[PDB]
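Peer 1: next one to model:
(chains A, B, C, D, E, F, G and H)
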Amino acid sequence: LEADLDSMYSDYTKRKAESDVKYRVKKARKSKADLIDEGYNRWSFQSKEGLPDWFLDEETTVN
Amino acid sequence: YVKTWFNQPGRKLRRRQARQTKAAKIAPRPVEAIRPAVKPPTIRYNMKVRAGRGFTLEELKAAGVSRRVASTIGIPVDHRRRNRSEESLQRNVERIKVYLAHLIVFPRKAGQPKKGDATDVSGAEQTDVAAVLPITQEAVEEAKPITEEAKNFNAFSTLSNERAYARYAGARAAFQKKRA
Amino acid sequence: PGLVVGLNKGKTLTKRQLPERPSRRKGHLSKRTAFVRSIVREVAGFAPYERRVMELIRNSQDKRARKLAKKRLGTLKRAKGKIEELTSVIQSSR
Amino acid sequence: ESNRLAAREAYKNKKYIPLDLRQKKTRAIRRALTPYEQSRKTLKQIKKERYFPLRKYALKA
Amino acid sequence: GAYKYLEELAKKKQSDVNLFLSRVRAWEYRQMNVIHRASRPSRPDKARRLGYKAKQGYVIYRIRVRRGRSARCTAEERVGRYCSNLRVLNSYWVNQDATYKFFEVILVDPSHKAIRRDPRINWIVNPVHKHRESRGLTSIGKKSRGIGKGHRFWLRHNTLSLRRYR
Amino acid sequence: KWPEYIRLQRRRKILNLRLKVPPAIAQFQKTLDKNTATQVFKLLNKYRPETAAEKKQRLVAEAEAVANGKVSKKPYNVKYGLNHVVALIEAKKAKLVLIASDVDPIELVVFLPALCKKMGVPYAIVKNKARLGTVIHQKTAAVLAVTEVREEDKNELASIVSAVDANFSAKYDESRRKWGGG
RNA sequence: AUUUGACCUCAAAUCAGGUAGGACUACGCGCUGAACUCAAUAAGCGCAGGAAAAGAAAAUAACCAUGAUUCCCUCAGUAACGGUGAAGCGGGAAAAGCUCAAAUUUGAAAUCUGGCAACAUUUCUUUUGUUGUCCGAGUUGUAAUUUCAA
RNA sequence: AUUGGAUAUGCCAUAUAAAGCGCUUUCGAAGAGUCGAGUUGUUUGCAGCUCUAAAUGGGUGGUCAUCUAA
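Peer 2: Numbering: from 1, shown residues only, chains lettered A, B, ... in the order given. Please see the structure below:
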């Protein structure tokens, strides 16, 4: 099943490369230690290690 | 945009008919409920007495009538107001007591005067509350004999002192706390 | 003194002790809700900025810790309210 | 008329009847709440109206 | 009662458990439709304290709206227009991401007998409550138009009242 | 291509087994073993609540007895319902707790393993809410609790509690502090 | 192997029963909004009713304290802002209070829509219900008790 | 010909119950991307966005007084 999903997503990207291009969406002391301090938020823990491409694509383009 | 008042006599007549219709509908009981005696909340009007919205739970309990049946017999209840002085307490208490003394309750189901009712109820008549309970004003002091210690007492000399004490209250308030 | 001016200005009457109003109570900590707050605390953990405060406090840089806590929350009273709570958690963890 | 009375006899005492036989006062009245379900009250309110109903009183002048 | 635990957990939105669940759920609603039926509410404690009962007549719809006017008010208006036979009772935030905020809207079927015979919700069947979400009579609607009690919260000026005797 | 509903059906599963799962959720997909689960349900089959027909038969029987000539035994059954079970844990009246492993909103059961451990109540995570539903004559039961049984069943009730201890607490006892998934 | 039965999700039906649209718009509630303070106006868009909205204080006050909302006189053309422009108090018109979530009925889902059969009742053969039986909803919480005035 | 509410009168109901009041030797659950802060926009109020609470706590007014939001 997992291989089938990977193949389906790869085919989806292949067709989208030509047929569904049409994206174009517009139609008319404080230091590095502190930088680490605000570097931890609700999005910093959303670890993306080893995530599948069919999820990473929408996660990057949306989240 | 202009607001004209050509319906002022018409509004006055309509209100009178509405009062008349209200009286006809609920004739057994007075058309106005009992209201407590209440003092306005400002230095300009604290010398007067007017009609408050309703009585409080403490006044209701002191009078001996429960907050549940009080609405039924026609005693409005205010859950926000509180009594900060007994003078207002027994004042509103005696208003309720005279109300209850002059009050007659028709027995329900017309079978017997179960506990709190009236045996003879043929003397029913619609009368306004103001006649039985005429709200009064603050008692105007009558003539009193000359007081000797008051005579020696100057007057505004004191108001000057407690004023100066009030204005510089923080001044000595600092003085004690900083030296202690 | 029954006087119009002064620190006890106004009329003098017999003062009555008011009965307790239940809406004055809100903000009290019931034992049952305190227990439930303990359970969710141990089952949920702490927010990312809390973890940074743990690191800051365990490093004993309290000035920066309170400064960033105030920056995160917005008010000094909330920042202090946090600090005492997470230090209180600190000795419990220790 | 004879057909419609015949149809009303056929559908007498039934939950659903043809829309022609049903009443037509207004669309709003048809969609409104019926008096039975406007008079529906919780048991809490039933107890309140059982024990503390609007009493019948009067004042002696 | 477990709703106390559900409520106290909902307070901590930066917790590891809440963050993982929110991301997975928000991802799931993404390939779900913009507006879709939710057979059971995702926050039963929030739904119950907002007025939702698990009886025939109450409807839960999930809506996603992009960020960047009040999103909660817009969500209510869109769901109300999409389900035209339903009265919008209330709504509540469930999830968010970088660009999409997710809301669940509680609706009531005024035509259902389980609603028409319930005295605790019968008020919504009256015609005065048609499209409350559009007239601004919901919780977020009232808050958005500034209806409140206090000094903090027009026609009396633009008119010059001329009495009979003057 | 498969419909979008079944695509999302498979995609949700793969992600749930793919992402880094916090321990509070990771403790759920580790459940009770087979034979213990069968013995659990064998015991609960005896103490399933009476059906609606049985309740009605009892009610009419006692009603006619009172009407004609005239109080029953102590009921023995499993306790269901999330709030009722949580109350029993609070009052320590429950002896065994069973939690379905696949509750749709997981926050409804995420706090239970911590709560039973705080009260020292033997708890276990069993497979599927449907099986609990058939036990209590329902479609769905998010949690079951055994608080009282008959005297002859006390002996094997202690035995299964020991068995679930061995296979759920003596075994594992680390997934609640292990970063699951991934 | 694989057959059998559950639960979850999602479909399809000229399935059974319902509901939404459109029109009027003087008054009512919102969104939006110019130009010559103009004006939160006109225009545009959405949505109701016989009234609408608001409404039982996360309210005023600094008093011997007031006590839901709405409207009128007054405050007052005052405070305030840079010509705009209140509100508290006071006097009246009218008055009415309440309902949920948050706690176990656990010796018993006591709750509810629908199907079927009778019994009825009607502004009415056109309306609205009652009981019995079945299925379903529902323990991811329907009933009763509680809403801080407690 | 309708009704609206009461009065007199008849018949059913089922109270083995429910409710009000004084005491506590008791506990008293109370609404979260919500309050709040920074920033931009509209005429304090509202909205967008960064961030994000507490449980005698929170809001409002000058330690006190008054309210108990989401």
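
Peer 1: any idea how far the closest residue to residue F:83 other than its chain neighbours is from residue C:60?
Peer 2: Leaving aside its sequence neighbours, residue F:83 sits nearest to residue E:1 (C-beta to C-beta, 6 or more residues apart in numbering or on different chains; 4.7 Å). From N, CA and C alone the C-beta is placed, and that goes for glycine too. Residue E:1 sits 42 Å away from residue C:60, going by C-beta to C-beta, to the nearest Å.

Peer 1: and the two? which has more neighbours close in?
Peer 2: Neighbours were counted for residue E:1 and for residue C:60 using other C-beta atoms under 10 Å in any protein chain shown; residue E:1 has more, 15 against 7.

Peer 1: just confirm that one is within a helix.
Peer 2: No: assessed with DSSP: H, G, I helix; E, B strand; the rest coil, residue E:1 is coil; it does not lie in a helix.

Peer 1: next, the contact list for residue C:39, please.
Peer 2: E:5, F:111, F:114, F:115, F:118 (C-beta atoms under 8 Å, 6 or more residues apart in numbering or on different chains).

Peer 1: among these, name the buried ones.
Peer 2: Buried members of the contacts of residue C:39, scored by 16 or more other C-beta atoms under 10 Å in any protein chain shown, are E:5, F:111, F:114, F:115.

Peer 1: about what we covered before: mind checking which of the contacts of residue C:39 land in helices?
Peer 2: E:5, F:114, F:115, F:118 (DSSP state H).

Peer 1: skipping adjacent residues, who's closest to residue E:130 in space?
Peer 2: Leaving aside its sequence neighbours, residue E:130 sits nearest to residue E:87 (C-beta to C-beta, 6+ apart; 7.4 Å).

Peer 1: follow-up on the earlier one: put together TSV for the contacts of residue C:39, with distance to residue C:31 on each row.
Peer 2: Below are the contacts of residue C:39 laid out as TSV (distance: C-beta to C-beta, whole Å):
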residue	distance to residue C:31
E:5	16
F:111	18
F:114	18
F:115	16
F:118	14
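
Peer 1: which single one of those residues is nearest to chain D?
Peer 2: Using C-beta to the nearest C-beta, residue E:5 comes nearest to chain D of the contacts of residue C:39, at 28.3 Å.

Peer 1: for chain A, which residue gets nearest to chain F?
Peer 2: Relative to chain F, the nearest point of chain A is residue A:47 (5.4 Å; C-beta to the nearest C-beta).

Peer 1: need the contact list for that residue.
Peer 2: residue F:20.

Peer 1: so it, which state does it fall into?
Peer 2: From three-state DSSP, the assignment for residue A:47 is coil.

Peer 1: the residue nearest to residue E:130 reaches residue E:124, doesn't it?
Peer 2: Yes: contact criterion C-beta atoms under 8 Å: residue E:87 and residue E:124 qualify, at 4.9 Å.

Peer 1: mutual contacts of these two, please.
Peer 2: Overlap of the contact sets of residue E:87 and residue E:124 (by C-beta under 8 Å, 6+ apart) consists of E:108, E:110.

Peer 1: pull up the residues of chain B that are close to chain C.
Peer 2: B:57-58, B:82-87, B:89, B:158-159, B:162-163, B:165-166, B:169 (C-beta under 8 Å from any C-beta of the partner chain).

Peer 1: most neighbours, which of those residues?
Peer 2: residue B:83 (21 neighbours).

Peer 1: how about the backbone phi and psi for residue E:138?
Peer 2: Main-chain torsions, residue E:138, degrees, to the nearest 10: phi -90, psi -180.

Peer 1: neighbours of it, just the number please.
Peer 2: Neighbours of residue E:138 under the rule other C-beta under 10 Å: 22.

Peer 1: ok, now which ones touch the residue nearest to residue F:83?
Peer 2: With C-beta under 8 Å, 6+ apart, residue E:1 has these contacts: F:83, F:86, F:87.

Peer 1: excluding chain neighbours, give the residue nearest to the last one in space.
Peer 2: Nearest non-adjacent residue to residue F:87, counting by C-beta to C-beta, 6+ apart: residue E:1, 7.1 Å away.
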